[PDB]
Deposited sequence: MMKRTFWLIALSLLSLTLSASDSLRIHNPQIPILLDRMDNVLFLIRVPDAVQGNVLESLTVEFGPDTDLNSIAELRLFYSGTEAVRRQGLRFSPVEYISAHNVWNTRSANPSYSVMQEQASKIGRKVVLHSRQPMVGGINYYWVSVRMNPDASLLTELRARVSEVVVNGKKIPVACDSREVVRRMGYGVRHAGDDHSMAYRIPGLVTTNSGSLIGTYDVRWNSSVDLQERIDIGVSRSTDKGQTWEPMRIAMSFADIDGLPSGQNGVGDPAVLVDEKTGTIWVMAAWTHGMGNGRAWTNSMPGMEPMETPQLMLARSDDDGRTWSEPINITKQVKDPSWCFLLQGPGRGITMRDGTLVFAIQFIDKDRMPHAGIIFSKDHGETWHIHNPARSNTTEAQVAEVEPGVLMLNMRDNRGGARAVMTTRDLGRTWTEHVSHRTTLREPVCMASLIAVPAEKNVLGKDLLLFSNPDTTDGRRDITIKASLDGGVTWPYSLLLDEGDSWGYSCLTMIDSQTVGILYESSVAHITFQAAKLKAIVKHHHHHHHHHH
């Protein structure tokens, strides 16, 4: 008998969350799993827990290869009819408890099938529980047919599903970006993929979720940018996506940069984009600004003619977030497909608070999505998705992209499955550790998007000896980081439990 505690976020806004997965390998037909006791750690706040229920799932398919802790996904992150509770057709509730003591006993009575039997324990939190709650629990005993068969450290963390599949009648949400305003508000940005999860071209708008209480609650979604019916073309041929967001820091202005595709049938923009300058010729590089803390958004500003070389097939921002430099320069990461269809990553910047923008030179060939951070005063570090595979490319520039210098961590220190990644810099004076800090988040693998992990470095990205695993499950993998306050990191990412998941974690739990 085995018990697995999955390292996945426990969502405050869910009615079910997988706490324990239980596989009974070779049961005797008719034997009853009579009781099961879960024991919470001494420091666990029991007032934060609303409910605990035991579920009996069925048996297993005979040809399913390997040790498995479930026959199917119990709680869907894609079923637009229910992403918040367990699918009743996969799990049969055996008992549920609302009086949560230090120990909670759950009973079943189910006769049980010969061979593999699946059980699991769900936990529902109070919707107002602290997002910094750490939940330590274990199955202290299991009783099967009168016997206390043996059972044989996982720290669970909370989250909030800022966007679920089907929310507000949108099939999917993707490409998260996250920043903190000058007033302490959190701005979450993302694709609103209405008809499906497919990339541009399609009906896609830029959505914004705003929180003023460090992520405990999120205000209803706002459409910060849309071109639904610009020239009478279908909104499905007027999509805008892959947003990047930044805060000016001196002005307080919030900027969102996104790529608007016009026409293009129902094909993919990455391969159908062609050179030129006009909207019908090539995708447009668009900006939208908010000067009231993200509540209201301006009409789109088209900066294509400012920075796009006519020979490029495609110019777009690097999705996620941008930065303000110490000297006031606003900087986004950008990527462009050149005339030969070779992609390059770079940076776009403005020295006049967003009124005008400039691009110098590409950092590296055959790279796409990137994020930029100021490791040292006047030194920008570009961390790039590299098509060669296996590892992030890392380069630094002191002249805003005129010349680029390889970093020692380049193609070495940060593995990836070729996926978007987030990088931010936190000055010593702005965090509880009192040291210059880099924070990095991506799927910590070389193959497959899973194991979303925050990594920290105390020596400018040469070494990353601190990490925090957030999500075991498979996901679409994109993520974005910000500092909530001096003590806590916030991450908005595509998880195995919600299309757009927010989590907060104490800096001291990582370092």
_Missing residue ranges, deposited sequence indexing starting at 1_ = 1-23, 176-179, 539-549
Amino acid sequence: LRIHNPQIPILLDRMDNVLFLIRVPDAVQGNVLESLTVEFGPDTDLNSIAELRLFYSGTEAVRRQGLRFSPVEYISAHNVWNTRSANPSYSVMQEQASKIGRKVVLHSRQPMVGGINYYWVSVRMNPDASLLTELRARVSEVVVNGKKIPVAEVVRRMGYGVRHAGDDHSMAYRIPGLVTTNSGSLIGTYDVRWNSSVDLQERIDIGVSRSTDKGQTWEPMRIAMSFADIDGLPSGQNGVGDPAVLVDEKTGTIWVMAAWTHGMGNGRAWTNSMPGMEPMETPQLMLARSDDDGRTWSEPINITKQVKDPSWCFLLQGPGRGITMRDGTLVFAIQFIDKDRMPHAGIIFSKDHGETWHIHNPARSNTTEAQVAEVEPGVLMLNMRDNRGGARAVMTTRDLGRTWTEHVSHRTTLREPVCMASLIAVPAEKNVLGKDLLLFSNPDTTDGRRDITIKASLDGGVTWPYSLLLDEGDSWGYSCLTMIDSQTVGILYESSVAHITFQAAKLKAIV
From here on, numbers count along this sequence of modelled residues.
*Please work out which of 425-433 and 135-143 has the higher mean CA B-factor as recorded in the PDB entry.*
135-143
*Which has higher Cα B-factors on average according to the PDB entry: 268-276 or 188-196?*
268-276
*Based on what the PDB entry reports, which of 309, 374, 202, 293 has the top C-alpha B-factor?*
309
_Maximum C-alpha temperature factor per the entry, among 96, 237, 329, 441, belongs to which one?_
96
*Name the third of the chain's ranked CA B-factors that contains residue 241, choosing lowest, middle or highest.*
lowest
*Chain-wide C-alpha B factor ranking for residue 68, given as lowest, middle or highest third*: highest
*Rank-wise, by C-alpha B-factor, drop residue 167 into the lowest, middle or highest third of its chain.*
lowest
*In terms of the CA temperature factor given in the entry, to which third of its chain does residue 283 belong: lowest, middle or highest?*
middle
*asked:* Going by the CA temperature factor in the PDB record, which third of the chain does residue 50 belong to: lowest, middle or highest?
replied: middle
